[PDB]
Structures are given as C-alpha cells and as structure tokens.
Amino acid sequence: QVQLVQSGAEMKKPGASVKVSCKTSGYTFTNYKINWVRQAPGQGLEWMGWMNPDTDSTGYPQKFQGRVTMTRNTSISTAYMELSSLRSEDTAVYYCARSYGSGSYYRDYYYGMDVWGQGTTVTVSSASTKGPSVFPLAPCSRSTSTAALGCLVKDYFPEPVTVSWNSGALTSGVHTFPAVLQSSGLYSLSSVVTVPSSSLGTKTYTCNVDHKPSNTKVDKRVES
Amino acid sequence: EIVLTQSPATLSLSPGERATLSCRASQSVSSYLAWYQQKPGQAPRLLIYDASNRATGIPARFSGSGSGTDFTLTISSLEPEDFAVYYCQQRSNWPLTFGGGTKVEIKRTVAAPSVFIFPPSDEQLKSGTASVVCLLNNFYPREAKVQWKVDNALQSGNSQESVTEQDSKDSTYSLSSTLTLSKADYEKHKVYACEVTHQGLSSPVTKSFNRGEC
Ligand SMILES: [Cl-]
Ligand SMILES: [Cl-]
Ligand SMILES: [Cl-]
C-alpha cells in the first residue's frame, strides 16, 4: 500500500536554501512521475514541476527556472526538491504528489495527481527560535449567564503551538484560534473556553501550552 | 499562461442539497481538466480527471462535465464530509495552473454572537506592551464588524484578528481580536471598548471596562 512520506518542518533565513525529501513505498518508484506543489498560508495551489525517476528527467515552470532542483535516489525510493534563494514569500506548505508515468498518448496529463505526501511546512523569515509567553485572559469581575476565559500565547517562532485545558480533560467550549503573524516577525494566538458562571469560583482552569521548536511547555492558571 | 477562474469563491448550502461549481479557462484546455478536494490541514485529494472521469474509489455523487473552456463539478447531494475547498486544474499547457478554489460551507439559521472583552494582565504590563482581547463567540454568518474604541477614539490598523473554521457540532464561527498598545498609551487612558455589528442583533453591541477600575 501506497504512501508518500515527506521530511519535517524547516525554518530558513532569506537567501538560504531548503531541500525537502519524499520517501515513497507500496509501488514501483520508477514508474510514476513525482510532482511538487506548494501552498502559501490562506492561498491556493502552485505547481513547481515534475520529475521522472525512471529517466531522471526534470521540468519546471519558467517562474522557477534556476531556483528549483529535483533529484532522486532510486535505491531508497526517495524524491527530493531543493529551492534556493529563499524569500519570505516562499513560506508555504510543500507537497510531493505522484502521477502516472510515461506516457502513451499524453496519459501523464490525462491522469492527475492521485497520492500526496502529508506536506512539509517551510518558513522563511529573518526571525529566530523563541518560546512564547503566556498571559491570562480573564473578565473584569464575576458579572451580574455564561463566562469566558483564556490564554494569550504571545511572541513565539516558529509555528506551531498546541493548547489544551486542564491537561486535556476540558474539551467542550474550547476555541483555539489560528495564529496571527505580527509585524515584528513573531506569532501570536489566543485560546478561549466558555463555561457557565455558577462554576467560576468552584474549579480551577489551567491552559497547557506546548511549543516544541523551542522545547517549552507552560501550565498557566486563569482566574478573576 | 492559461488562467482558470472559479465561481463563486464561496458557497453556502445545507447537507443534502446539490452543489454546482464552475471553472472557466481563459483559453481552451480541451478536456485536460482535473478537480481536487481539500480539507484544512490535509493534502488535496483527486476527484475528477480529464473533465469527467471519477478517480479510483471516488463516490458516484461527484461528477464533472464540460470541455474546452467551461467546466462544471457537480456534487449531487451534499454529505457532511463534502464541505471543503474545491480546486480545478488545467493540464493542457504549462505551467499546470490551478483555479483559486471554491469554498463549500454549511448554511444554518442566523445566530447572534456573545461578546466578551479582556483587559491586558498585570503579568503583561511589566514588558511595556498591552494587549486587549475581544471575543465574538458562536455566530453565523461569518461577516461581522468589530470596532475598537479607546476613550471614544476609534482605533484603526493597530489590531489583528482571526476566525475559527466552521464548528464541528453547530456550524458556528468564532472570532478573536487583539488591540495592542504600548504600556505608556494604555496607562494614559481610562475606557476601553469593543463594538460589534452582526446580522443577528438589531442593535450594535458594546462591551467595555475601565482601566484600573477593575
Ligand atoms: Cl544517476
Ligand atoms: Cl466520502
Ligand atoms: Cl489613573
């Protein structure tokens, strides 16, 4: 059975390059083309070219001429895509995807991209690894309904951040928001929970914030 | 290069209804047209290749039609799994281009938001920055105005916001807005407010608090 497994998230300074690998299994590597397709946060999809592992041929849209290189090692069934001269607009998720190989009557365009790797988030920024600081979000008093509390996870890099509540035991009512990119180059997000008022002074609410790229975890108590 | 236009970009429909999605190409692409489906955090999935052939294992409620310039993808009756983004992709001429995507979202009864406001913490004031958060919880449709007032002064461009995907259980949206001020700015004013406008309330709702009078 068919899988494409790509390598882990990377972060890069502008000017540098990135090489993403794609290990295939469940099929004859040498009989299908490999495609690379990227997607920028919030945006659509952009084909970056393809390669035939069988013949070692490559082809790239003009957009990417000189910047993309695709290579393969047949012995370990893995494809590679390198992108150079990175700019912050190259920040995207990169996918490898497989399509039917040569070729009988353009069948390589006839069929589409049927199996995809899980994606690899590449981040180009001049920022540097930094853990978040977590601040509480609490109402101004215990009002005269239902209430809401939260965690503000400010100033970290890179993505992602995971947040649970009371060590995962609190699920119903949680909204964890997509991170925003701040103009300082650092990310920020908030996570909130709606609970009935009658329970405020009676149970503790903690949020659990994990940022694996900086290796930091923070349990933060919220109250009013 | 061939440009593909998808109409409309957004579609709101109930489970069970048919969906009709349009892909227009700037020049002819014969029948080399593919559709993909994508859900958040997931790789795209092939549905249709060569304009009208279903990919292996794709269920029969999807079918596509058209050739040359105008193409339709039809989802004959919508299941919860079918609310996603759909992309078309032309495969006649380099570079293989994708359209901008149509988002198929769930339609439900209008629901007013609950509004909450949070002052910056004392923890955070020690740094010389203040973040004030406003929360709009559980509303439908997606359109909402949030307005920041500080001592009646409207604040424009010093706040960022984001919105959750449509909610698993009740198809609602939620929104978080962060107004950031320097500590000096924050300490110099007294009233902070969050005014939100939404289809579900016949009157603009305001939540405020008084600095240091909390
Ligand atoms: Cl070789
Ligand atoms: Cl399905
Ligand atoms: Cl004062």
# chains A, B, ... in the order shown; residues from 1 in each chain; ligands from 1
call {"tool": "interface_residues", "arguments": {"of": "chain B", "to": "chain A", "cutoff": "8 Å", "atoms": "only C-alpha atoms", "output": "mmCIF file with N, CA, C and O atoms, in the first residue's frame"}}
result
data_model
loop_
_atom_site.group_PDB
_atom_site.id
_atom_site.type_symbol
_atom_site.label_atom_id
_atom_site.label_comp_id
_atom_site.auth_asym_id
_atom_site.auth_seq_id
_atom_site.Cartn_x
_atom_site.Cartn_y
_atom_site.Cartn_z
ATOM 1 N N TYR B 32 -8.424 18.399 -20.726
ATOM 2 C CA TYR B 32 -7.459 18.181 -19.690
ATOM 3 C C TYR B 32 -7.771 19.072 -18.469
ATOM 4 O O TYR B 32 -7.101 20.075 -18.185
ATOM 5 N N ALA B 34 -8.761 18.749 -14.225
ATOM 6 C CA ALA B 34 -8.911 17.903 -13.018
ATOM 7 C C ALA B 34 -9.555 18.669 -11.871
ATOM 8 O O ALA B 34 -9.344 19.879 -11.741
ATOM 9 N N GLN B 42 -4.913 19.173 5.455
ATOM 10 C CA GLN B 42 -4.810 17.946 4.680
ATOM 11 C C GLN B 42 -4.385 18.266 3.262
ATOM 12 O O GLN B 42 -4.703 19.318 2.750
ATOM 13 N N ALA B 43 -3.648 17.336 2.666
ATOM 14 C CA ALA B 43 -3.308 17.314 1.278
ATOM 15 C C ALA B 43 -4.583 17.295 0.420
ATOM 16 O O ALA B 43 -5.624 16.792 0.852
ATOM 17 N N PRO B 44 -4.515 17.877 -0.783
ATOM 18 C CA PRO B 44 -5.645 17.795 -1.697
ATOM 19 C C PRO B 44 -5.899 16.337 -2.070
ATOM 20 O O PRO B 44 -5.015 15.508 -1.934
ATOM 21 N N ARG B 45 -7.103 16.047 -2.532
ATOM 22 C CA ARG B 45 -7.498 14.718 -2.973
ATOM 23 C C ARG B 45 -8.079 14.807 -4.385
ATOM 24 O O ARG B 45 -8.975 15.614 -4.636
ATOM 25 N N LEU B 46 -7.585 13.992 -5.313
ATOM 26 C CA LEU B 46 -8.129 13.962 -6.707
ATOM 27 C C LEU B 46 -9.572 13.444 -6.743
ATOM 28 O O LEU B 46 -9.836 12.388 -6.183
ATOM 29 N N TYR B 49 -10.622 13.410 -13.164
ATOM 30 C CA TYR B 49 -9.544 13.690 -14.103
ATOM 31 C C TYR B 49 -10.129 13.648 -15.484
ATOM 32 O O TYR B 49 -11.145 13.003 -15.669
ATOM 33 N N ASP B 50 -9.493 14.332 -16.442
ATOM 34 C CA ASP B 50 -9.995 14.508 -17.787
ATOM 35 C C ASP B 50 -11.457 14.960 -17.775
ATOM 36 O O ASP B 50 -12.321 14.405 -18.462
ATOM 37 N N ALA B 55 -12.009 9.558 -10.217
ATOM 38 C CA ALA B 55 -10.820 8.811 -9.792
ATOM 39 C C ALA B 55 -11.184 7.528 -9.040
ATOM 40 O O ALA B 55 -12.256 7.432 -8.430
ATOM 41 N N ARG B 91 -4.509 20.894 -17.419
ATOM 42 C CA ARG B 91 -3.391 20.044 -17.602
ATOM 43 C C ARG B 91 -3.072 19.976 -19.090
ATOM 44 O O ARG B 91 -2.526 18.986 -19.570
ATOM 45 N N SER B 92 -3.405 21.023 -19.843
ATOM 46 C CA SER B 92 -3.036 21.028 -21.273
ATOM 47 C C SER B 92 -1.764 21.770 -21.545
ATOM 48 O O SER B 92 -1.035 21.439 -22.455
ATOM 49 N N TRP B 94 1.552 24.259 -19.977
ATOM 50 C CA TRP B 94 2.388 24.675 -18.871
ATOM 51 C C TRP B 94 2.224 26.155 -18.584
ATOM 52 O O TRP B 94 1.882 26.908 -19.473
ATOM 53 N N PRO B 95 2.436 26.568 -17.317
ATOM 54 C CA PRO B 95 2.581 25.636 -16.201
ATOM 55 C C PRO B 95 1.183 25.198 -15.843
ATOM 56 O O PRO B 95 0.229 25.960 -16.063
ATOM 57 N N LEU B 96 1.044 23.987 -15.332
ATOM 58 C CA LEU B 96 -0.265 23.484 -14.997
ATOM 59 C C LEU B 96 -0.773 24.421 -13.931
ATOM 60 O O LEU B 96 -0.083 24.656 -12.938
ATOM 61 N N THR B 97 -1.929 25.024 -14.169
ATOM 62 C CA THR B 97 -2.418 26.085 -13.293
ATOM 63 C C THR B 97 -3.614 25.565 -12.572
ATOM 64 O O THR B 97 -4.344 24.741 -13.089
ATOM 65 N N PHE B 98 -3.808 26.058 -11.363
ATOM 66 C CA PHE B 98 -4.972 25.726 -10.580
ATOM 67 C C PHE B 98 -5.827 26.969 -10.530
ATOM 68 O O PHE B 98 -5.293 28.089 -10.592
ATOM 69 N N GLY B 99 -7.136 26.795 -10.366
ATOM 70 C CA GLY B 99 -8.003 27.925 -10.026
ATOM 71 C C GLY B 99 -7.834 28.319 -8.571
ATOM 72 O O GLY B 99 -7.115 27.640 -7.791
ATOM 73 N N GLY B 100 -8.499 29.413 -8.202
ATOM 74 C CA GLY B 100 -8.487 29.963 -6.833
ATOM 75 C C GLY B 100 -9.267 29.202 -5.757
ATOM 76 O O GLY B 100 -9.139 29.490 -4.575
ATOM 77 N N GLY B 101 -10.074 28.227 -6.137
ATOM 78 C CA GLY B 101 -10.805 27.443 -5.149
ATOM 79 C C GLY B 101 -12.188 27.993 -4.878
ATOM 80 O O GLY B 101 -12.384 29.191 -4.844
ATOM 81 N N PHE B 116 -17.300 39.120 24.586
ATOM 82 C CA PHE B 116 -16.503 39.252 25.790
ATOM 83 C C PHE B 116 -15.279 40.094 25.508
ATOM 84 O O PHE B 116 -14.727 40.055 24.411
ATOM 85 N N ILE B 117 -14.849 40.830 26.517
ATOM 86 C CA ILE B 117 -13.670 41.667 26.439
ATOM 87 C C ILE B 117 -12.715 41.358 27.599
ATOM 88 O O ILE B 117 -13.164 41.131 28.729
ATOM 89 N N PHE B 118 -11.411 41.333 27.315
ATOM 90 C CA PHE B 118 -10.384 41.046 28.332
ATOM 91 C C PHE B 118 -9.326 42.136 28.422
ATOM 92 O O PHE B 118 -8.704 42.454 27.434
ATOM 93 N N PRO B 119 -9.087 42.692 29.610
ATOM 94 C CA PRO B 119 -8.020 43.692 29.724
ATOM 95 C C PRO B 119 -6.661 43.029 29.678
ATOM 96 O O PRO B 119 -6.581 41.838 29.919
ATOM 97 N N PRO B 120 -5.592 43.786 29.388
ATOM 98 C CA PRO B 120 -4.292 43.137 29.472
ATOM 99 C C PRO B 120 -4.049 42.769 30.916
ATOM 100 O O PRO B 120 -4.571 43.424 31.798
ATOM 101 N N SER B 121 -3.324 41.680 31.146
ATOM 102 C CA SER B 121 -2.970 41.244 32.503
ATOM 103 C C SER B 121 -1.911 42.142 33.107
ATOM 104 O O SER B 121 -1.161 42.810 32.390
ATOM 105 N N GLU B 123 0.678 40.710 34.627
ATOM 106 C CA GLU B 123 1.835 39.988 34.084
ATOM 107 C C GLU B 123 2.404 40.706 32.839
ATOM 108 O O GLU B 123 3.618 40.952 32.743
ATOM 109 N N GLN B 124 1.527 41.031 31.883
ATOM 110 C CA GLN B 124 1.983 41.538 30.600
ATOM 111 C C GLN B 124 2.409 43.012 30.645
ATOM 112 O O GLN B 124 3.281 43.432 29.875
ATOM 113 N N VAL B 133 -8.029 41.905 24.420
ATOM 114 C CA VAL B 133 -8.701 40.947 23.542
ATOM 115 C C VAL B 133 -10.222 41.093 23.558
ATOM 116 O O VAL B 133 -10.823 41.334 24.598
ATOM 117 N N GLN B 160 -5.216 43.076 15.243
ATOM 118 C CA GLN B 160 -5.255 41.944 14.339
ATOM 119 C C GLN B 160 -6.364 41.013 14.785
ATOM 120 O O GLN B 160 -6.782 41.065 15.954
ATOM 121 N N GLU B 161 -6.870 40.192 13.862
ATOM 122 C CA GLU B 161 -7.921 39.255 14.239
ATOM 123 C C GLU B 161 -7.839 37.906 13.528
ATOM 124 O O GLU B 161 -7.243 37.780 12.455
ATOM 125 N N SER B 162 -8.416 36.879 14.137
ATOM 126 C CA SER B 162 -8.662 35.697 13.351
ATOM 127 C C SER B 162 -9.931 34.990 13.732
ATOM 128 O O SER B 162 -10.580 35.348 14.703
ATOM 129 N N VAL B 163 -10.280 34.000 12.920
ATOM 130 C CA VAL B 163 -11.591 33.384 12.921
ATOM 131 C C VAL B 163 -11.364 31.895 12.829
ATOM 132 O O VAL B 163 -10.479 31.446 12.102
ATOM 133 N N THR B 164 -12.143 31.130 13.587
ATOM 134 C CA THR B 164 -12.090 29.661 13.523
ATOM 135 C C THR B 164 -12.792 29.191 12.268
ATOM 136 O O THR B 164 -13.598 29.920 11.704
ATOM 137 N N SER B 174 -16.297 31.482 15.308
ATOM 138 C CA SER B 174 -15.826 32.355 16.418
ATOM 139 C C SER B 174 -14.660 33.266 16.020
ATOM 140 O O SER B 174 -13.865 32.932 15.109
ATOM 141 N N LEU B 175 -14.557 34.410 16.694
ATOM 142 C CA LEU B 175 -13.590 35.450 16.299
ATOM 143 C C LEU B 175 -12.869 36.098 17.481
ATOM 144 O O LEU B 175 -13.489 36.446 18.486
ATOM 145 N N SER B 176 -11.557 36.261 17.332
ATOM 146 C CA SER B 176 -10.703 36.840 18.357
ATOM 147 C C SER B 176 -9.987 38.069 17.818
ATOM 148 O O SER B 176 -9.355 38.001 16.756
ATOM 149 N N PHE B 209 -14.643 48.064 29.623
ATOM 150 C CA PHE B 209 -14.183 48.064 31.028
ATOM 151 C C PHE B 209 -13.377 49.336 31.310
ATOM 152 O O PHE B 209 -12.888 49.970 30.374
ATOM 153 N N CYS B 214 -10.998 47.944 37.502
ATOM 154 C CA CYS B 214 -11.247 46.509 37.572
ATOM 155 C C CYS B 214 -10.526 45.962 38.800
ATOM 156 O O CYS B 214 -9.624 45.129 38.690
#
call {"tool": "residues_near_ligand", "arguments": {"ligand": "ligand 1", "cutoff": "12 Å", "atoms": "only C-alpha atoms and all ligand atoms", "output": "compact mmCIF listing (two decimals) with N, CA, C and O atoms, in the first residue's frame"}}
result
# COMPACT_ATOMS: atom_id res chain seq x y z
N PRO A 53 11.46 9.53 -12.31
CA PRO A 53 12.56 8.83 -11.61
C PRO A 53 13.25 7.83 -12.54
O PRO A 53 14.45 7.63 -12.47
N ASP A 54 12.48 7.30 -13.46
CA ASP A 54 12.95 6.33 -14.43
C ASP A 54 14.07 6.84 -15.35
O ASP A 54 15.01 6.11 -15.66
N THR A 55 13.96 8.08 -15.82
CA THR A 55 14.86 8.61 -16.83
C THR A 55 15.70 9.72 -16.24
O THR A 55 16.68 10.13 -16.85
N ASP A 56 15.33 10.19 -15.06
CA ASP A 56 15.98 11.30 -14.42
C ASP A 56 15.68 12.64 -15.09
O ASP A 56 16.43 13.58 -14.93
N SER A 57 14.57 12.72 -15.82
CA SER A 57 14.19 13.95 -16.47
C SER A 57 13.57 14.91 -15.44
O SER A 57 13.07 14.45 -14.41
N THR A 71 15.70 15.82 -7.80
CA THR A 71 16.66 14.74 -7.88
C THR A 71 16.01 13.52 -7.19
O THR A 71 14.98 13.64 -6.50
N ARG A 72 16.61 12.36 -7.36
CA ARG A 72 16.02 11.15 -6.86
C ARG A 72 17.15 10.20 -6.48
O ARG A 72 18.26 10.31 -7.01
N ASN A 73 16.88 9.31 -5.54
CA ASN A 73 17.76 8.18 -5.30
C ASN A 73 16.84 6.98 -5.40
O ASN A 73 15.93 6.82 -4.59
N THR A 74 17.04 6.20 -6.46
CA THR A 74 16.20 5.06 -6.78
C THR A 74 16.37 4.00 -5.72
O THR A 74 15.38 3.42 -5.23
N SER A 75 17.62 3.75 -5.34
CA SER A 75 17.89 2.68 -4.36
C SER A 75 17.05 2.81 -3.07
O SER A 75 16.69 1.81 -2.48
call {"tool": "residues_near_ligand", "arguments": {"ligand": "ligand 3", "cutoff": "8 Å", "atoms": "only C-alpha atoms and all ligand atoms", "output": "PDB file with C-alpha atoms, in the first residue's frame"}}
result
ATOM      1  CA  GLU B 187      -1.910  53.731  31.154  1.00  0.00           C
ATOM      2  CA  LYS B 188      -2.806  57.196  29.835  1.00  0.00           C
ATOM      3  CA  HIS B 189      -6.431  56.345  29.035  1.00  0.00           C
ATOM      4  CA  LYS B 190      -9.396  55.014  31.071  1.00  0.00           C
ATOM      5  CA  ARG B 211      -8.597  50.654  33.314  1.00  0.00           C
ATOM      6  CA  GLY B 212      -7.649  50.202  36.995  1.00  0.00           C
TER       7      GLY B 212
END
call {"tool": "select_by_dssp", "arguments": {"residues": "range 31-224 of chain A", "states": "strand (DSSP E)", "output": "PyMOL selection string"}}
result
chain A and resi 32-39+46-52+57-59+68-73+78-83+92-100+115-116+120-124+133-137+146-156+162-165+174-176+180-181+187-196+205-211+216-222
call {"tool": "write_last_selection", "arguments": {"atoms": "C-alpha atoms", "output": "CSV table (one decimal), in the first residue's frame"}}
result
chain,number,residue,atom,x,y,z
A,32,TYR,CA,5.3,7.2,-11.8
A,33,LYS,CA,6.2,10.9,-12.0
A,34,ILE,CA,6.8,12.9,-8.9
A,35,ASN,CA,5.3,16.4,-8.7
A,36,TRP,CA,5.9,19.2,-6.2
A,37,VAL,CA,3.2,21.6,-5.4
A,38,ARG,CA,3.2,24.4,-2.9
A,39,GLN,CA,0.5,26.2,-0.9
A,46,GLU,CA,1.1,26.2,-7.3
A,47,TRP,CA,2.7,23.5,-9.4
A,48,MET,CA,6.5,23.6,-9.1
A,49,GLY,CA,7.4,21.0,-11.7
A,50,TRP,CA,8.0,17.3,-12.0
A,51,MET,CA,10.5,14.6,-12.5
A,52,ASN,CA,10.5,11.1,-13.9
A,57,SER,CA,14.2,13.9,-16.5
A,58,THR,CA,13.0,17.2,-14.8
A,59,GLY,CA,10.8,20.1,-15.9
A,68,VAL,CA,14.3,24.5,-8.2
A,69,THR,CA,16.2,21.3,-8.5
A,70,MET,CA,14.7,17.9,-8.4
A,71,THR,CA,16.7,14.7,-7.9
A,72,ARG,CA,16.0,11.2,-6.9
A,73,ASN,CA,17.8,8.2,-5.3
A,78,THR,CA,13.0,8.9,-2.4
A,79,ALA,CA,12.5,12.1,-4.4
A,80,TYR,CA,14.0,15.5,-3.4
A,81,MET,CA,13.1,19.0,-4.1
A,82,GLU,CA,15.6,21.8,-3.4
A,83,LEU,CA,14.5,25.5,-3.6
A,92,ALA,CA,4.4,27.6,2.2
A,93,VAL,CA,3.5,24.0,2.7
A,94,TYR,CA,5.3,21.9,0.0
A,95,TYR,CA,3.7,18.7,-1.2
A,96,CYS,CA,5.1,15.9,-3.3
A,97,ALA,CA,2.4,14.1,-5.3
A,98,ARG,CA,2.6,11.2,-7.7
A,99,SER,CA,1.2,10.9,-11.2
A,100,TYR,CA,1.1,8.2,-13.8
A,115,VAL,CA,-1.5,10.3,-4.0
A,116,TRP,CA,0.1,13.1,-1.9
A,120,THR,CA,6.2,20.0,4.8
A,121,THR,CA,5.8,23.5,6.2
A,122,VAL,CA,8.7,25.7,5.2
A,123,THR,CA,9.1,29.0,6.9
A,124,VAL,CA,11.3,31.8,5.6
A,133,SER,CA,5.0,33.9,26.9
A,134,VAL,CA,1.5,33.0,28.1
A,135,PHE,CA,-0.8,35.7,29.6
A,136,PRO,CA,-4.2,35.1,31.2
A,137,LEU,CA,-7.5,36.3,29.7
A,146,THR,CA,-22.1,32.1,31.0
A,147,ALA,CA,-18.5,33.3,31.2
A,148,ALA,CA,-15.3,33.1,29.1
A,149,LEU,CA,-11.6,32.7,29.9
A,150,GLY,CA,-8.4,32.3,28.0
A,151,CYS,CA,-4.7,32.2,27.3
A,152,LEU,CA,-2.9,34.6,25.2
A,153,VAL,CA,0.2,32.9,23.7
A,154,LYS,CA,2.3,35.9,22.6
A,155,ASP,CA,5.6,36.2,20.7
A,156,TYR,CA,6.9,32.8,19.5
A,162,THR,CA,-0.7,23.3,20.8
A,163,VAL,CA,-3.1,24.4,23.6
A,164,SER,CA,-5.3,22.2,25.8
A,165,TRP,CA,-7.2,22.9,29.0
A,174,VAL,CA,-12.8,25.5,23.6
A,175,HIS,CA,-11.9,27.6,20.6
A,176,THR,CA,-8.3,27.8,19.7
A,180,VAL,CA,-1.6,35.8,13.5
A,181,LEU,CA,1.7,37.0,12.2
A,187,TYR,CA,3.5,34.8,16.0
A,188,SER,CA,0.6,35.2,18.4
A,189,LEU,CA,-2.6,33.3,19.2
A,190,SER,CA,-5.3,33.0,21.7
A,191,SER,CA,-7.4,30.1,23.1
A,192,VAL,CA,-10.7,30.5,24.9
A,193,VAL,CA,-13.3,28.5,26.8
A,194,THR,CA,-16.9,29.3,27.5
A,195,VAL,CA,-18.1,28.0,30.9
A,196,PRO,CA,-21.3,28.5,32.9
A,205,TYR,CA,-8.9,26.5,34.9
A,206,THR,CA,-5.4,26.0,33.5
A,207,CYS,CA,-4.2,26.1,30.0
A,208,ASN,CA,-1.4,23.9,28.7
A,209,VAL,CA,0.8,25.4,26.1
A,210,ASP,CA,3.5,23.5,24.2
A,211,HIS,CA,5.9,24.9,21.8
A,216,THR,CA,9.0,24.9,26.1
A,217,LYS,CA,5.8,24.0,28.0
A,218,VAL,CA,3.8,26.2,30.2
A,219,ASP,CA,0.9,25.5,32.5
A,220,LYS,CA,-0.9,28.7,33.3
A,221,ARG,CA,-3.7,29.3,35.9
A,222,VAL,CA,-6.6,31.6,34.9
call {"tool": "residues_near_ligand", "arguments": {"ligand": "ligand 2", "cutoff": "10 Å", "atoms": "only C-alpha atoms and all ligand atoms", "output": "ChimeraX atom specification"}}
result
/B:57-62,78-82
call {"tool": "write_last_selection", "arguments": {"atoms": "C-alpha atoms", "output": "PDB file, in the first residue's frame"}}
result
ATOM      1  CA  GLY B  57     -12.630   4.987  -5.164  1.00  0.00           C
ATOM      2  CA  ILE B  58     -14.435   8.379  -5.589  1.00  0.00           C
ATOM      3  CA  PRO B  59     -18.175   8.073  -4.724  1.00  0.00           C
ATOM      4  CA  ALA B  60     -20.788   8.496  -7.519  1.00  0.00           C
ATOM      5  CA  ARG B  61     -22.396  11.738  -6.206  1.00  0.00           C
ATOM      6  CA  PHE B  62     -19.438  13.663  -7.736  1.00  0.00           C
ATOM      7  CA  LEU B  78     -24.041  17.026  -0.069  1.00  0.00           C
ATOM      8  CA  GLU B  79     -22.777  14.919   2.841  1.00  0.00           C
ATOM      9  CA  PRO B  80     -21.019  16.416   5.889  1.00  0.00           C
ATOM     10  CA  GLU B  81     -17.667  15.153   4.553  1.00  0.00           C
ATOM     11  CA  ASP B  82     -18.179  17.188   1.368  1.00  0.00           C
TER      12      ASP B  82
END
call {"tool": "residues_around", "arguments": {"residues": "residue 11 in chain B", "least_positions_apart": "4", "cutoff": "9 Å", "atoms": "only C-alpha atoms", "output": "list in words"}}
result
residues 19, 21, 102, 103, 104, 105, 106 and 107 of chain B
call {"tool": "decode", "arguments": {"residues": "range 171-185 of chain A", "atoms": "N, CA and C atoms", "output": "PDB file, in the first residue's frame"}}
result
ATOM      1  N   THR A 171     -12.769  20.082  27.104  1.00  0.00           N
ATOM      2  CA  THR A 171     -12.887  19.953  25.649  1.00  0.00           C
ATOM      3  C   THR A 171     -14.040  20.776  25.097  1.00  0.00           C
ATOM      4  N   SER A 172     -15.204  20.645  25.720  1.00  0.00           N
ATOM      5  CA  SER A 172     -16.423  21.302  25.289  1.00  0.00           C
ATOM      6  C   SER A 172     -16.308  22.783  25.604  1.00  0.00           C
ATOM      7  N   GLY A 173     -16.471  23.610  24.574  1.00  0.00           N
ATOM      8  CA  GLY A 173     -16.404  25.068  24.703  1.00  0.00           C
ATOM      9  C   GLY A 173     -15.087  25.720  24.300  1.00  0.00           C
ATOM     10  N   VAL A 174     -14.108  24.923  23.880  1.00  0.00           N
ATOM     11  CA  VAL A 174     -12.793  25.456  23.582  1.00  0.00           C
ATOM     12  C   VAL A 174     -12.776  25.938  22.134  1.00  0.00           C
ATOM     13  N   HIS A 175     -12.298  27.166  21.922  1.00  0.00           N
ATOM     14  CA  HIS A 175     -11.893  27.592  20.599  1.00  0.00           C
ATOM     15  C   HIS A 175     -10.452  28.013  20.646  1.00  0.00           C
ATOM     16  N   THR A 176      -9.630  27.368  19.845  1.00  0.00           N
ATOM     17  CA  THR A 176      -8.269  27.801  19.701  1.00  0.00           C
ATOM     18  C   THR A 176      -8.135  28.392  18.327  1.00  0.00           C
ATOM     19  N   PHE A 177      -7.670  29.639  18.290  1.00  0.00           N
ATOM     20  CA  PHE A 177      -7.693  30.463  17.087  1.00  0.00           C
ATOM     21  C   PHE A 177      -6.434  30.256  16.247  1.00  0.00           C
ATOM     22  N   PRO A 178      -6.542  30.437  14.916  1.00  0.00           N
ATOM     23  CA  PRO A 178      -5.328  30.450  14.089  1.00  0.00           C
ATOM     24  C   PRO A 178      -4.404  31.572  14.583  1.00  0.00           C
ATOM     25  N   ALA A 179      -3.105  31.306  14.589  1.00  0.00           N
ATOM     26  CA  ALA A 179      -2.112  32.313  14.913  1.00  0.00           C
ATOM     27  C   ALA A 179      -2.134  33.480  13.921  1.00  0.00           C
ATOM     28  N   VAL A 180      -1.902  34.688  14.415  1.00  0.00           N
ATOM     29  CA  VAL A 180      -1.607  35.809  13.541  1.00  0.00           C
ATOM     30  C   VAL A 180      -0.104  36.057  13.484  1.00  0.00           C
ATOM     31  N   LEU A 181       0.364  36.530  12.332  1.00  0.00           N
ATOM     32  CA  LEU A 181       1.726  37.000  12.194  1.00  0.00           C
ATOM     33  C   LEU A 181       1.834  38.491  12.535  1.00  0.00           C
ATOM     34  N   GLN A 182       2.638  38.806  13.538  1.00  0.00           N
ATOM     35  CA  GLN A 182       2.835  40.200  13.944  1.00  0.00           C
ATOM     36  C   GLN A 182       3.915  40.860  13.098  1.00  0.00           C
ATOM     37  N   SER A 183       3.940  42.188  13.072  1.00  0.00           N
ATOM     38  CA  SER A 183       4.904  42.924  12.207  1.00  0.00           C
ATOM     39  C   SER A 183       6.373  42.806  12.690  1.00  0.00           C
ATOM     40  N   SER A 184       6.545  42.413  13.944  1.00  0.00           N
ATOM     41  CA  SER A 184       7.855  42.077  14.485  1.00  0.00           C
ATOM     42  C   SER A 184       8.393  40.716  14.013  1.00  0.00           C
ATOM     43  N   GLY A 185       7.639  39.987  13.186  1.00  0.00           N
ATOM     44  CA  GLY A 185       8.073  38.666  12.746  1.00  0.00           C
ATOM     45  C   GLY A 185       7.759  37.500  13.684  1.00  0.00           C
TER      46      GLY A 185
END
